[PDB]
Ligand code: CLA
Ligand code: CLA
Ligand code: CLA
Ligand code: CLA
Ligand code: CLA
Ligand code: CLA
Ligand SMILES: C=Cc1c(C)c2cc3nc(c4c5[nH]c(cc6nc(cc1[nH]2)C(C)=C6CC)c(C)c5C(=O)[C@@H]4C(=O)OC)[C@@H](CCC(=O)OC/C=C(\C)CCC[C@@H](C)CCC[C@H](C)CCCC(C)C)[C@@H]3C
Ligand SMILES: CCCCCCCCCCCCCCCCCC(=O)OC[C@H](CO[C@@H]1O[C@H](CO)[C@H](O)[C@H](O)[C@H]1O)OC(=O)CCCCCCCCCCCCCCCCC
Ligand SMILES: CC1=C(/C=C/C(C)=C/C=C/C(C)=C/C=C/C=C(C)/C=C/C=C(C)/C=C/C2=C(C)CCCC2(C)C)C(C)(C)CCC1
Ligand SMILES: CC1=C(/C=C/C(C)=C/C=C/C(C)=C/C=C/C=C(C)/C=C/C=C(C)/C=C/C2=C(C)CCCC2(C)C)C(C)(C)CCC1
Ligand SMILES: CC1=C(/C=C/C(C)=C/C=C/C(C)=C/C=C/C=C(C)/C=C/C=C(C)/C=C/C2=C(C)CCCC2(C)C)C(C)(C)CCC1
Ligand SMILES: [Cl-]
Ligand SMILES: [Fe+3]
């Protein structure tokens, strides 16, 4: 009989049943997308996108719809920040209903192809055996892919008959979907420039049209055919797993390292922005610029938006998070409600001391306060009977500027220790912990889940390539009978 | 030829009994006159620190790495 | 015949060492990979990338030398000799940890050449190439740890270095910052590798003591070396033995020899999946329920809670010199200690 | 289809390839069929590169 | 098998199914496309990794806006 | 302590779904023996 | 088989000769390192 | 926990006898894999006649 | 509910042991 | 205009192509000799 | 209509079943501790 891991070795010499099987898988994937979209929509909350963005609520498929031009809801809410818009038929709900409808159609069409599996076309007209024309098939399908690549670039991305794509400013304060004209210079291979992406699609769709025309008019060389074993449908399978796992690594990498297509208002900040101190420098730059032109500390720190400060907090770093910790990042330390403000610590003589930032490598990190010339001047000791610096011996105080607490000052140790213990995380925020009953342990953002998954899959798909290539080059060794012979008929001997 | 009578031939003797010491002595002289410390940039056995400061060298840039480490080498750091 | 055909049949002569198309990728890359390790663990310093010494010319012995990693500021740089960091200077190139990459990348393509060599050799003799497939477990391990893992970290500085003490260090490092023993995928790696060693010992012993030709002189005249054995013992005496000792035995020689192949390989593959997961610092570090229960009742104490304290210790006392580019200074009153609890 | 490893029953199938056929020199019919098609190809490619330079 | 209105339309496109052009045919063209592609991938990789620098190119979140 | 219901269901389907697949395949194999 | 003709430049000749000259040079250096006074 | 507190006081990674042990285990896994792969490609088919309670006469 | 799951799955493993020893296929 | 990175990159691409070219040239030569 | 001729029976013997069930239960026992965390 057939082993349990060999139950699709019957479609191999069966074009009709194979088309039907592929149709079933397409139907399941489309069904999945639609139903996942509805699930996430029923459990979403766009009332406050500035102190609870969509990647904090843990939306997975919702950013992907927002990148290419869905931005509304038939309820009427917007994720731009707007209230009261009509996106027409095409809202998040609209595309979900579309996908469910297409899964149904595909399911019917699969059933048909499995019933009517034997037709003149699928059989060789010379012997009644399954015949494929694998080069011509690649050419035609390539021409279709090229036609689509060109259309997607020239009409949708440049917004000549489409919505365009998500464009941003480098610090994620305001982004929106807009028309983008291409860039053919040497500045179009800069992945931080959307014009490069459009030029790629325009150009590559044109190359695809040309290669697709090529591959219809030209038959493979004799040497490459009999070397690479063409006409065997299991050749196409090894090759396609290879391309696919290459493509997996590149998407995982560009999601982890960032790109113009993976902005920070759809999937939150990267780890590489925390560890370079990107936002801390932005925030300092602004405060120094206002004090220079003429300001006081209260005015200068009140000129920092809540959006900036929320990005500069290690809780959003996607390198914080466990493996079996589940649930949105809001389940991680609570829902942000307001920005307490930037803290400034001083000791008893009156200089400013600064709290050291915790790195993502460390799961727990001591609270150290060092001055501006790199000599430690206070800490919260681990000792419970020995001190040489402490929050009593140095009389450490904290004042707040900006946010909610503005002009506040706390003197006695314990509440100051509490704020130092928050300050190792950067900024300080008021969280509401009662609506999810958060456990105060972090979780990763959607950027992390995407990368993790696709790296695992790419690595597994590498083994797939090796096994299926083995089965192509060694068909006559795994089998008994070389496919260079016809079925065997009359036996001659030789005996003494 | 096989490696079962390869060091029994008169060829082995006549050449190797002179080339072996030559390149061995070359390998000795390479270290003995201290050329290795200048080729791979190894620091001398008492030039790990300057006398100017007692900090260890670490290059904190990648495109000015060259002149940074040249600056460290200037003071014998 | 054309020149191509003449080249092809020159490469596939019967000779002591097989060159082959695969040889062209394997042999130069392997030579340069291996030789770079040697020339570097004898001469090249790391006073400029870590603040250490790691070569013989400086003082060190066989266990404490290494070719070490780049500095943290270099990013994920290729570290080309013609790149914009060395600028064509072999000294700076050695000084910046540039040849760790040389070794690593040349060894990676040497791996690729070896597996191709196994394919076309096995193609020549016309046997199934399972050993080429087995050999993709070592490739999985190599690329997930030495290439993918620091590409999820911020630099190659957090990659392991080629050396004995450097990788002993990697062991203690992972123990401290990831608590890697408590990760189910490494547990599945341990089960697989130990099970491989188990099958190895049991099979050797069983076969060596069910030999045919224990009485009258050998009625076996071949090997026929490529058969390995399997002719030289009786399946029935071993199967009958192990059905009474352990209560289950194999009765099919082919499936026994397939199990021996499956076990270590699935083993390595699973631990690879786990460590590519650590590359985005997603860690099965703690059981959430145990932490809550320990917070609310502080007389609760577990062998697990001890391991967490110990790892806190590893991190805190090892960090400043293992990450001397961060400039950690810990006053001794902030470090953790047993007598302070 | 192929069936193998039938000493214990366990069935393994294998894709079949059709016969490898040599090409035979051109028919005038084939040439005009191809000429209309490569002419169609270049005329549309021309139009696409026009659209590419027009959308900037 | 059955006769169908769409089957026989697509029939000419699937009636070759194993024909080769004699010899190496157009393999040299393939080679130089494969060589140009190898160089192309190295270029865009080295731009990304900033060990290849072109003026008017800053591989940074800067210049989005 | 916490008692996930989701953990209960996660283990439940993890041990029920492949096992029933296994026993169905066995029970329809044995009926091909006669 | 493989009968002997095989002049000066062969495959096994270059195999012993690209593992021979650096190993003996390195033993020449590892040896001089022992008599460093540090 | 035993492993961690043992390494702390006796420094066993730098002890050779554990090193010969590790070598044995990595080597055991390696030789296990190799033996399995070589034999399992070499064997075509085996057969023995089997009766209603025992095994046959020629293990072929 | 968690302790129950642990001991239940273990109970199942030892029952598996019993059947795999005293109710195995005949060797044909 | 050219920048030092471009020039280093051309030197590197040219050097690498020259190493593969000479490798295959001497392999082709030595097969053609004892053909 | 008329029968497909590529239809083949699937086989599964009792010893394989025992290994498979051993695999299901043993992985389940290893992962239940992380599923409840
Ligand atoms: C024969 C096999 C071989 C192979 C496969 C390689 C491969 C490699 N070497 Mg190399 N090398 C070799 C022999 C070889 N070498 C020898 C014998 C020497 C001594 C002369 C060197 C000297 C050497 C140095 C000095 C360095 C390398 C480095 C590197 C690599 C490091 C990673 C990197 O950045 O790659 C980047 C990619 C490349 C270098 C590949 C360029 C590929 C080309 C030329 C493709 C051209 C195709 C075609 C001809 C174009 C046709 C166009 C036409 C139709 C118009 C790359 C993997 C570098 C390294 O280790 O950096 C850490 C480095 O600095 N190698
Ligand atoms: C990097 C990988 C690595 C590897 C491959 C190893 C490998 C090894 N280590 Mg380890 N080790 C490592 C890293 C590593 N170590 C690190 C980093 C540390 C530092 C923290 C240690 C610390 C360490 C210690 C402290 C010890 C080892 C020991 C061992 C080994 C002992 C031999 C053995 O397997 O006994 C396995 C031992 C057994 C007792 C198993 C047999 C059990 C029996 C007889 C059970 C039979 C009944 C059964 C339960 C019933 C089954 C029923 C069922 C079928 C139904 C093995 C060589 C141990 C050793 O030498 O032991 C003597 C030991 O004490 N290691
Ligand atoms: C005590 C038992 C024990 C056992 C049995 C294991 C077993 C394992 N551990 Mg380990 N581990 C343990 C305890 C244990 N560990 C403990 C307690 C610690 C402390 C934290 C660790 C820390 C640890 C780490 C940090 C890692 C492992 C990994 C691994 C596994 C990966 C496979 C492997 O060996 O790759 C070893 C290496 C290879 C297979 C690559 C070899 C490549 C080649 C071909 C070298 C050839 C060189 C040669 C000279 C060339 C000649 C050329 C010439 C002919 C020209 C293996 C499953 C690794 C893992 O998960 O990786 C996925 C890994 O990164 N473990
Ligand atoms: C690999 C593909 C993939 C990826 C990357 C994601 C990613 C995400 N999903 Mg998921 N999902 C997928 C496929 C995928 N989905 C499919 C196919 C289904 C079935 C319909 C679901 C069902 C699903 C549910 C039920 C939920 C999500 C939610 C979410 C996300 C929100 C953040 C959050 O709460 O994190 C939490 C992280 C996760 C849910 C993903 C990681 C899961 C863990 C810890 C385990 C992964 C291993 C798994 C147990 C298998 C083990 C096998 C065993 C042999 C070892 C996260 C971004 C949640 C959401 O929208 O919140 C508002 C939510 O509750 N997803
Ligand atoms: C990319 C598409 C693809 C396709 C079309 C195939 C198709 C095939 N593979 Mg392949 N395979 C793939 C990817 C693919 N595989 C990958 C990535 C790997 C690496 C991990 C493998 C490894 C592999 C091996 C090693 C073998 C096959 C075999 C087979 C064939 C035998 C019949 C069969 O389907 O068994 C069907 C059933 C199974 C293989 C078991 C299914 C139960 C499992 C383990 C999964 C449970 C559900 C899953 C976890 C859900 C999530 C999926 C996710 C993508 C969303 C079939 C021709 C066999 C073969 O060639 O036989 C001739 C053989 O020995 N495959
Ligand atoms: C006007 C001409 C033109 C222009 C301006 C571009 C511009 C672009 N092309 Mg290109 N292209 C063109 C014509 C053009 N193309 C034509 C005619 C072809 C042939 C049909 C191609 C073939 C092509 C390919 C094959 C690829 C591009 C890609 C890209 C870019 C994608 C944006 C991006 O994220 O890149 C940034 C990405 C890179 C520079 C990729 C570098 C390559 C590697 C392998 C990176 C992997 C990194 C790492 C190892 C992964 C780690 C994972 C780990 C953390 C888990 C860039 C905008 C690339 C792409 O899809 O990017 C997403 C890609 O690989 N194009
Ligand atoms: C540390 C453990 C470990 C080592 C050292 C190792 C070593 C080896 N495995 C090989 C093979 C295998 N290994 C296999 C399974 C396994 N291998 C495993 C674990 C290991 N395997 C495990 C656990 C398994 C079981 C799944 C199989 C199935 C095979 C083979 O068939 C194959 C063989 O031929 O065995 C006889 C050999 C390949 C020789 C060759 O041509 O390489 C070519 C490699 C090249 C050219 C480059 C390698 C990488 C380089 C240059 C960098 C690494 C660092 C340097 C060596 C520098 C020194 C480093 C210090 C740490 C000492 C080699 C002896
Ligand atoms: C996506 C949503 C929908 C999902 C629905 C599908 C669910 C997926 C169900 C299928 C899951 C995969 C099935 C895997 C189980 C079957 C395996 C099997 O049949 O093998 C048998 C198969 C095939 O075996 C073949 O069977 C044939 C007859 O069918 C013939 O007998 C062949 O000769 C024989 O080779 O081989 C393998 O799979 C090889 C690997 C077996 C792995 C067993 C591991 C050892 C036992 C468990 C570990 C014990 C040690 C624990 C130590 C613990 C110490 C604390
Ligand atoms: C017929 C018809 C119809 C209907 C339809 C319907 C109603 C549909 C549905 C559909 C659906 C609603 C679908 C669904 C789907 C789903 C799926 C398909 C899923 C899957 C899953 C999976 C596969 C998973 C996996 C996993 C896990 C579990 C874990 C880990 C990770 C992963 C992800 C791997 C209509 C009226 C419209 C129209 C006409 C006709
Ligand atoms: C009689 C019969 C039957 C039935 C049949 C039927 C009735 C079927 C159906 C089927 C179907 C029902 C099919 C369908 C097909 C089609 C489709 C599915 C299409 C769609 C389309 C679309 C979706 C498109 C889109 C697009 C594109 C592509 C491009 C651009 C633009 C747009 C986007 C628009 C059966 C089986 C039971 C059997 C018995 C008998
Ligand atoms: C990197 C590089 C390169 C290459 C180089 C090479 C490739 C080198 C080689 C090197 C080598 C290749 C070396 C070798 C070494 C050796 C050694 C290190 C040895 C050791 C010793 C031994 C092995 C022995 C011992 C013993 C015994 C065993 C017994 C008793 C006695 C005695 C103790 C003596 C080039 C040009 C591209 C440039 C760039 C960079
Ligand atoms: Cl303890
Ligand atoms: Fe054996």
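What you see of chain C is 12-352, where the numbers are those given in Swiss-Prot.
A Cβ is built for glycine as well, from the same backbone N, Cα and C atoms used for every other residue.
Per Swiss-Prot, the features are:
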- C:54-108: topological domain 'Lumenal' (TOPO_DOM)
- C:129, C:142: pheophytin a binding site (BINDING)
- C:132-140: topological domain 'Cytoplasmic' (TOPO_DOM)
- C:161-193: topological domain 'Lumenal' (TOPO_DOM)
- C:197: chlorophyll a PD2 binding site (BINDING)
- C:214, C:261: plastoquinone binding site (BINDING)
- C:214, C:268: Fe cation binding site (BINDING)
- C:218-265: topological domain 'Cytoplasmic' (TOPO_DOM)
- C:289-352: topological domain 'Lumenal' (TOPO_DOM)
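Location within the structure of each feature annotated in Swiss-Prot.
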residue	record	Cβ contacts under 8 Å, 6 or more apart
C:129	pheophytin a binding site	C:140, C:142, C:143, C:146
C:197	chlorophyll a PD2 binding site	C:191, C:282, C:285, C:286
C:214	plastoquinone binding site	C:267, C:271
C:261	plastoquinone binding site	C:250, C:253, C:267, C:270
C:268	Fe cation binding site	none
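Cβ neighbours within 10 Å of residue C:142 (pheophytin a binding site), excluding its own Cβ and spanning all shown chains: 21.
With DSSP classes pooled into helix, strand and coil, the tally for the topological domain 'Lumenal' (C:289-352) is 33 helix, 1 strand, 30 coil. Residues 48, 52, 60, 65, 73-88, 108, 111-112, 114, 287, 289-292, 294-296, 315, 318-319, 322, 324-326, 329, 333, 336 of the same chain lie 6 or more positions beyond the ends of the topological domain 'Lumenal' (C:161-193) yet place their CB under 8 Å from a CB of it.
Tertiary neighbourhood of the topological domain 'Cytoplasmic' (C:132-140): same-chain residues 23, 29, 31, selected by CB-CB distance under 8 Å and a gap of 6+ residues from either end. Proximity to chain H, taken as a Cβ less than 8 Å from one of its Cβ atoms, holds for none of the binding-site residues C:129, C:197, C:261. For ligand 13, none of the binding-site residues lies close by, meaning a CB under 6 A from one of its atoms; the full candidate list was C:129, C:142, C:197, C:261. Across the topological domain 'Lumenal' (C:54-108), DSSP helix (H, G, I), strand (E, B) and coil residues number 13 helix, 4 strand, 38 coil.
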